[PDB]
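Novice: Structure incoming, see below.
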Amino acid sequence: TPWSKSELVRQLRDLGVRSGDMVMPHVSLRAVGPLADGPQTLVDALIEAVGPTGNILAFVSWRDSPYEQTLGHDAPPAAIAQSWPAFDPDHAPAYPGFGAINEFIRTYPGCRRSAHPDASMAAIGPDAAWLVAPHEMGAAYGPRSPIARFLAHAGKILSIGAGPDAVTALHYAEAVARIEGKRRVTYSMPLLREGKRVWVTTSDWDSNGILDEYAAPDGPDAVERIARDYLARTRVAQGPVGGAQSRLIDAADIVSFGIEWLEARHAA
Ligand SMILES: NC[C@H]1O[C@H](O[C@H]2[C@H](O)[C@@H](O[C@H]3O[C@H](CO)[C@@H](O)[C@H](N)[C@H]3O)[C@H](N)C[C@@H]2N)[C@H](O)[C@@H](O)[C@@H]1O
Ligand SMILES: [Mg+2]
């Protein structure tokens with residue numbers, strides 16, 4: 001029998017979600033199982049669990065980000081440059097590969113959306129505007145990004161059937177780690193600026209692996225290895241949400257652990 005909102009809310013409370021919390025979810029809907037009214041049921045449950053003073057932050061990205069098409073070029077290739085749609089935060093769909101729940105989150109009434117087309121973040125709650133801006137090219141997941149503010153805002157990472165590789169916030173640890181050999185990428189995104197499409201080319205840390213040994217396409221990347229180690233070494237509330245094994249992680253703690261983990265393994 002499909003899970004009801006009420007059942008999910010009680011499960012979230014059992015896991016340690018409290019009214020007022022700042023939560024970043026990572027969800028496998030297949031692990032959760034059928035929901036009374038589909039994925040919206042879990043969105044509604046998350047919003048009810050954090051309450052009217054709580055906040056939700058999600059990494060939603062963009063279905064049509066021209067990342068691969070512009071990667072490694074000093075400018076968007078001509079055919080891309082001419083016809084790609086500008087990123088419109090009000091209308092651009094979420095990237096399906098990071099979770100089907102994210103399109104439900106970003107279309108929720110009052111949801112705010114960050115301006116970085118590839119790293120785009122969606123937030124619901126009284127602090128949503130403060131969370132989502134600024135979000136500039138060159139600051140995808142590190143200092144000055146929504147993740148940086150989430151980490152200063154008592155953020156909790158709510159992993160609902162998701163693996164250790166899913167913990168986006170650990171890209172912050174990669175950005176700030178004082179280690180040699182860090183990989184960077186260059187790409188171009190089409191932004192809206194006063195109603196006009198403007199191509200912006202930037203470099204940033206490689207979010208597919210901060211060092212060569214973490215950058216195999218299949219992984220494991222550093223995020224995965226850090227989070228696996230962390231979860232083997234830390235008390236973290238665990239329990240079901242729907243049918244999914246779930247965990248509620250203190251974001252500042254896991255990111256601090258990850259900075260230390262990288263700096264202990266790689267020379268400065
Ligand atoms: N490296 C191993 C990891 O790879 C993916 O996760 C990474 C995405 O690939 C990145 O996405 C970027 O690169 C994609 C592929 O080029 C583009 O499509 C996309 N627009 C870009 O934002 C994202 N920023 C960080 C995320 N950790 C898998 O999901 C994850 O399970 C696995 O551990
Ligand atoms: Mg508040």
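Each chain in the structure tokens gets a letter, A, B and so on, in the order shown; residues start at 1 in every chain, and ligands are counted from 1 in the order they appear.
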Dump the neighbourhood of ligand 1 as a list in words: all residues within 6 Å, distances computed on only C-alpha atoms and all ligand atoms.
Specialist: residues 65, 67, 68, 118, 165, 166, 207, 208, 209, 215, 217, 219 and 221 of chain A
Novice: Since we have the selection now, will you write its residues out, keeping N, CA and C atoms, as a PDB file, in the first residue's frame?
Specialist:
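Below is the file selection00.pdb, written as the result:
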ATOM      1  N   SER A  65      21.546  21.737 -19.593  1.00  0.00           N
ATOM      2  CA  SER A  65      22.816  22.415 -19.415  1.00  0.00           C
ATOM      3  C   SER A  65      23.781  22.013 -20.537  1.00  0.00           C
ATOM      4  N   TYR A  67      26.867  21.598 -20.669  1.00  0.00           N
ATOM      5  CA  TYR A  67      28.156  21.327 -20.040  1.00  0.00           C
ATOM      6  C   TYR A  67      29.074  20.545 -20.965  1.00  0.00           C
ATOM      7  N   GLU A  68      28.664  19.339 -21.362  1.00  0.00           N
ATOM      8  CA  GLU A  68      29.514  18.522 -22.224  1.00  0.00           C
ATOM      9  C   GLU A  68      29.805  19.224 -23.545  1.00  0.00           C
ATOM     10  N   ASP A 118      24.343  25.367 -14.511  1.00  0.00           N
ATOM     11  CA  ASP A 118      24.773  23.989 -14.340  1.00  0.00           C
ATOM     12  C   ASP A 118      24.669  23.516 -12.886  1.00  0.00           C
ATOM     13  N   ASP A 165      27.970   8.468  -2.817  1.00  0.00           N
ATOM     14  CA  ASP A 165      28.349   9.319  -3.930  1.00  0.00           C
ATOM     15  C   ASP A 165      27.423  10.506  -4.121  1.00  0.00           C
ATOM     16  N   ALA A 166      26.264  10.522  -3.469  1.00  0.00           N
ATOM     17  CA  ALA A 166      25.264  11.526  -3.791  1.00  0.00           C
ATOM     18  C   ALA A 166      25.460  12.848  -3.065  1.00  0.00           C
ATOM     19  N   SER A 207      33.988  19.063 -10.842  1.00  0.00           N
ATOM     20  CA  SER A 207      33.060  18.380  -9.959  1.00  0.00           C
ATOM     21  C   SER A 207      32.936  16.904 -10.291  1.00  0.00           C
ATOM     22  N   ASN A 208      33.621  16.409 -11.329  1.00  0.00           N
ATOM     23  CA  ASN A 208      33.665  14.978 -11.586  1.00  0.00           C
ATOM     24  C   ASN A 208      34.932  14.315 -11.071  1.00  0.00           C
ATOM     25  N   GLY A 209      35.648  14.971 -10.163  1.00  0.00           N
ATOM     26  CA  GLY A 209      36.840  14.403  -9.556  1.00  0.00           C
ATOM     27  C   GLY A 209      37.896  15.459  -9.327  1.00  0.00           C
ATOM     28  N   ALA A 215      38.767  10.776 -10.740  1.00  0.00           N
ATOM     29  CA  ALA A 215      38.035  11.282 -11.897  1.00  0.00           C
ATOM     30  C   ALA A 215      37.674  10.215 -12.929  1.00  0.00           C
ATOM     31  N   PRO A 217      35.268   8.015 -14.933  1.00  0.00           N
ATOM     32  CA  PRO A 217      33.830   8.281 -15.130  1.00  0.00           C
ATOM     33  C   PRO A 217      32.937   7.441 -14.235  1.00  0.00           C
ATOM     34  N   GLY A 219      33.697   6.378 -11.281  1.00  0.00           N
ATOM     35  CA  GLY A 219      34.069   6.537  -9.895  1.00  0.00           C
ATOM     36  C   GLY A 219      34.968   5.407  -9.435  1.00  0.00           C
ATOM     37  N   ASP A 221      34.577   8.591  -6.951  1.00  0.00           N
ATOM     38  CA  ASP A 221      35.170   9.905  -6.789  1.00  0.00           C
ATOM     39  C   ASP A 221      35.492  10.142  -5.313  1.00  0.00           C
TER      40      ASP A 221
END
Novice: Counting only C-alpha atoms and all ligand atoms, which residues of chain A sit at most 7 Å from some atom of ligand 2, and what is each one's closest atom pair with its distance in Å to one decimal, listed by chain and rising residue number, as JSON lines?
Specialist:
{"residue": "A:20", "atom": "CA", "partner": "ligand 2", "partner_atom_place_in_ligand_line": "1 (Mg)", "distance": 6.8}
{"residue": "A:53", "atom": "CA", "partner": "ligand 2", "partner_atom_place_in_ligand_line": "1 (Mg)", "distance": 5.3}
{"residue": "A:54", "atom": "CA", "partner": "ligand 2", "partner_atom_place_in_ligand_line": "1 (Mg)", "distance": 6.4}
{"residue": "A:126", "atom": "CA", "partner": "ligand 2", "partner_atom_place_in_ligand_line": "1 (Mg)", "distance": 6.0}
{"residue": "A:127", "atom": "CA", "partner": "ligand 2", "partner_atom_place_in_ligand_line": "1 (Mg)", "distance": 6.0}
Novice: Given the selection you just returned, output its residues as a file containing N, CA, C and O atoms, formatted as an mmCIF file, in the first residue's frame.
Specialist:
data_model
loop_
_atom_site.group_PDB
_atom_site.id
_atom_site.type_symbol
_atom_site.label_atom_id
_atom_site.label_comp_id
_atom_site.auth_asym_id
_atom_site.auth_seq_id
_atom_site.Cartn_x
_atom_site.Cartn_y
_atom_site.Cartn_z
ATOM 1 N N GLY A 20 11.888 23.738 11.868
ATOM 2 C CA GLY A 20 12.926 24.731 11.817
ATOM 3 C C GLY A 20 14.185 24.307 11.094
ATOM 4 O O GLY A 20 15.047 25.154 10.849
ATOM 5 N N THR A 53 8.993 27.488 9.548
ATOM 6 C CA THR A 53 10.253 28.201 9.708
ATOM 7 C C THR A 53 11.440 27.430 9.123
ATOM 8 O O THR A 53 12.563 27.940 9.145
ATOM 9 N N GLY A 54 11.216 26.211 8.615
ATOM 10 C CA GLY A 54 12.294 25.406 8.073
ATOM 11 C C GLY A 54 12.554 25.715 6.633
ATOM 12 O O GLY A 54 11.828 26.487 5.993
ATOM 13 N N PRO A 126 11.613 30.343 4.441
ATOM 14 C CA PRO A 126 11.789 31.788 4.675
ATOM 15 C C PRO A 126 13.164 32.305 4.321
ATOM 16 O O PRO A 126 13.350 33.497 4.034
ATOM 17 N N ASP A 127 14.165 31.429 4.319
ATOM 18 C CA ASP A 127 15.515 31.836 3.988
ATOM 19 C C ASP A 127 15.892 31.481 2.562
ATOM 20 O O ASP A 127 17.076 31.522 2.221
#
Novice: List the spatial neighbours of region 190-198 of chain A as a list in words - criterion: any atom at most 8 Å away, only C-alpha atoms, same-chain residues fewer than 5 positions off excluded.
Specialist: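 Residues meeting the cut-off are residues 84, 85, 86, 87, 88 and 117 of chain A.
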Novice: Taking the backbone alone, and naming residues the way the document does, which bits of region 25-190 of chain A are strand (DSSP E or B) by DSSP, as a tab-separated table (two decimals) with N, CA, C and O atoms, in the first residue's frame?
Specialist:
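Result file part-v3.tsv:
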chain	number	residue	atom	x	y	z
A	25	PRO	N	17.91	17.35	0.62
A	25	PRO	CA	17.62	15.93	0.40
A	25	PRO	C	18.33	15.38	-0.83
A	25	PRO	O	18.53	16.07	-1.83
A	26	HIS	N	18.64	14.09	-0.74
A	26	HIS	CA	19.10	13.28	-1.86
A	26	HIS	C	18.23	12.04	-1.85
A	26	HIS	O	18.26	11.28	-0.88
A	27	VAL	N	17.43	11.84	-2.89
A	27	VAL	CA	16.36	10.85	-2.86
A	27	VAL	C	16.46	9.86	-4.02
A	27	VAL	O	16.55	10.28	-5.18
A	35	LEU	N	4.00	6.08	-3.66
A	35	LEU	CA	3.53	7.16	-2.82
A	35	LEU	C	2.09	7.49	-3.18
A	35	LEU	O	1.68	7.40	-4.34
A	36	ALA	N	1.32	7.87	-2.17
A	36	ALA	CA	-0.11	8.10	-2.36
A	36	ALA	C	-0.39	8.93	-3.60
A	36	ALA	O	-1.24	8.57	-4.43
A	37	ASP	N	0.30	10.07	-3.74
A	37	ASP	CA	0.12	10.97	-4.87
A	37	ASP	C	1.44	11.21	-5.59
A	37	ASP	O	1.73	12.32	-6.05
A	38	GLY	N	2.24	10.16	-5.71
A	38	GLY	CA	3.50	10.26	-6.39
A	38	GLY	C	4.50	11.09	-5.63
A	38	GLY	O	4.32	11.39	-4.45
A	55	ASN	N	13.63	25.11	6.13
A	55	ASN	CA	14.01	25.35	4.76
A	55	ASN	C	14.48	24.06	4.09
A	55	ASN	O	15.02	23.15	4.74
A	56	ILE	N	14.26	23.98	2.78
A	56	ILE	CA	14.75	22.89	1.95
A	56	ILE	C	15.64	23.47	0.86
A	56	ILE	O	15.26	24.46	0.21
A	57	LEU	N	16.81	22.87	0.67
A	57	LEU	CA	17.71	23.22	-0.41
A	57	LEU	C	17.99	21.98	-1.24
A	57	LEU	O	18.30	20.92	-0.69
A	58	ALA	N	17.85	22.08	-2.56
A	58	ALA	CA	18.12	20.93	-3.41
A	58	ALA	C	18.98	21.33	-4.60
A	58	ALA	O	18.84	22.43	-5.14
A	59	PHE	N	19.89	20.44	-4.97
A	59	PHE	CA	20.71	20.62	-6.18
A	59	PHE	C	19.93	20.05	-7.37
A	59	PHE	O	19.83	18.84	-7.53
A	112	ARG	N	12.50	29.24	-4.77
A	112	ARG	CA	13.47	30.12	-5.40
A	112	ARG	C	14.54	29.27	-6.07
A	112	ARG	O	14.82	28.14	-5.66
A	113	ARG	N	15.18	29.84	-7.08
A	113	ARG	CA	16.10	29.10	-7.94
A	113	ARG	C	17.36	29.91	-8.11
A	113	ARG	O	17.28	31.10	-8.44
A	121	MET	N	20.50	25.56	-7.85
A	121	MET	CA	19.98	25.10	-6.57
A	121	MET	C	18.60	25.70	-6.35
A	121	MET	O	18.38	26.88	-6.65
A	122	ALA	N	17.70	24.91	-5.78
A	122	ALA	CA	16.35	25.35	-5.51
A	122	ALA	C	16.15	25.37	-4.01
A	122	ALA	O	16.61	24.46	-3.32
A	123	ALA	N	15.45	26.39	-3.51
A	123	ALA	CA	15.19	26.48	-2.08
A	123	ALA	C	13.76	26.90	-1.79
A	123	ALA	O	13.19	27.78	-2.45
A	124	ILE	N	13.20	26.27	-0.75
A	124	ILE	CA	11.86	26.54	-0.24
A	124	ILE	C	11.99	26.90	1.23
A	124	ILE	O	12.63	26.18	2.00
A	156	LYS	N	21.43	20.11	7.38
A	156	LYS	CA	21.38	18.66	7.53
A	156	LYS	C	21.20	18.08	6.12
A	156	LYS	O	20.38	18.56	5.34
A	157	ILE	N	21.92	16.98	5.84
A	157	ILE	CA	21.80	16.26	4.58
A	157	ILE	C	20.93	15.04	4.81
A	157	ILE	O	21.24	14.20	5.65
A	158	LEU	N	19.81	14.98	4.08
A	158	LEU	CA	18.82	13.92	4.27
A	158	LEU	C	18.95	12.98	3.09
A	158	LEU	O	18.50	13.27	1.98
A	159	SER	N	19.56	11.84	3.33
A	159	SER	CA	19.81	10.87	2.28
A	159	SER	C	18.74	9.80	2.39
A	159	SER	O	18.68	9.09	3.40
A	160	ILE	N	17.89	9.71	1.38
A	160	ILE	CA	16.75	8.80	1.38
A	160	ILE	C	17.00	7.75	0.30
A	160	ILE	O	16.65	7.94	-0.87
A	184	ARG	N	40.67	21.42	-12.68
A	184	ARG	CA	39.72	22.45	-13.04
A	184	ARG	C	39.18	22.15	-14.42
A	184	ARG	O	39.78	21.41	-15.22
A	185	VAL	N	38.01	22.70	-14.69
A	185	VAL	CA	37.35	22.58	-15.97
A	185	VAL	C	36.97	23.98	-16.43
A	185	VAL	O	36.73	24.88	-15.63
A	186	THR	N	36.84	24.13	-17.74
A	186	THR	CA	36.32	25.35	-18.35
A	186	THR	C	35.07	24.97	-19.13
A	186	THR	O	35.05	23.96	-19.84
A	187	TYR	N	34.00	25.75	-18.96
A	187	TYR	CA	32.76	25.52	-19.70
A	187	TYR	C	32.05	26.85	-19.87
A	187	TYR	O	32.46	27.87	-19.31
A	188	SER	N	30.96	26.83	-20.64
A	188	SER	CA	30.22	28.04	-20.95
A	188	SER	C	28.74	27.80	-20.78
A	188	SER	O	28.23	26.72	-21.09
A	189	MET	N	28.09	28.78	-20.16
A	189	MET	CA	26.66	28.73	-19.93
A	189	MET	C	25.97	29.96	-20.48
A	189	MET	O	26.51	31.06	-20.42
A	190	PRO	N	24.75	29.80	-21.00
A	190	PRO	CA	24.01	30.96	-21.52
A	190	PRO	C	23.08	31.51	-20.45
A	190	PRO	O	22.17	30.80	-20.00
Novice: Given only C-alpha atoms as the basis, pick out the residue of A:47, A:223, A:161, A:237 nearest to residue 262 (chain A).
Specialist: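 Comparing A:47, A:223, A:161, A:237 against residue 262 (chain A), the winner is A:223.
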Novice: May I ask which of the residues A:167, A:78, A:241, A:154 is the closest one to residue 21 (chain A), counting only C-alpha atoms?
Specialist: A:154
Novice: Which of region 90-255 of chain A counts as alpha helix (DSSP H) under DSSP, as a PyMOL selection string please?
Specialist: chain A and resi 101-106+128-132+146-152+170-176+222-233+251-255
Novice: Could you name the residues that touch residue 164 (chain A) at 10 Å or less, counting only C-alpha atoms, but leaving out those on the same chain fewer than 6 positions away, as a list in words?
Specialist: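 Near neighbours after the sequence-gap exclusion: residues 220, 223, 224, 225, 226, 227, 228, 229, 230 and 231 of chain A.
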Novice: Now that the selection is made, can you save its residues with C-alpha atoms as a compact mmCIF listing (two decimals), in the first residue's frame?
Specialist:
# COMPACT_ATOMS: atom_id res chain seq x y z
CA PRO A 220 34.60 6.18 -7.10
CA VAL A 223 32.79 12.46 -2.51
CA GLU A 224 31.98 8.76 -2.49
CA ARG A 225 35.16 7.74 -0.70
CA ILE A 226 34.88 10.48 1.93
CA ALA A 227 31.21 9.79 2.65
CA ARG A 228 31.73 6.03 2.89
CA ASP A 229 34.57 6.53 5.38
CA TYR A 230 32.54 9.10 7.33
CA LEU A 231 29.50 6.84 7.61
Novice: If you measure from CA of residue 249 (chain A) to CA of residue 236 (chain A), what distance in Å do you get, rounded to one decimal?
Specialist: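 One can read the CA of residue 249 (chain A) to CA of residue 236 (chain A) distance as 6.2 Å.
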Novice: Which residues are close to region 93-108 of chain A, i.e. within 7 Å by only C-alpha atoms, leaving aside same-chain residues fewer than 3 positions away? Reply as a list in words.
Specialist: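 Here the qualifying residues turn out to be residues 27, 28, 39, 40, 43, 60, 61, 62, 63, 111 and 122 of chain A.
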Novice: Please identify all polymer residues within 12 Å of residue 79 (chain A), counting only C-alpha atoms, omitting same-chain residues fewer than 4 positions from it, and present them as a VMD selection string.
Specialist: chain A and resid 66 69 to 70 75 83 to 84
Novice: Find the spatial neighbours of residue 18 (chain A), counting only C-alpha atoms, within a cut-off of 9 Å - ignore same-chain residues fewer than 4 positions away - and output them as a list in words.
Specialist: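 Result of the neighbour search: residues 12, 13, 49, 50, 51 and 54 of chain A.
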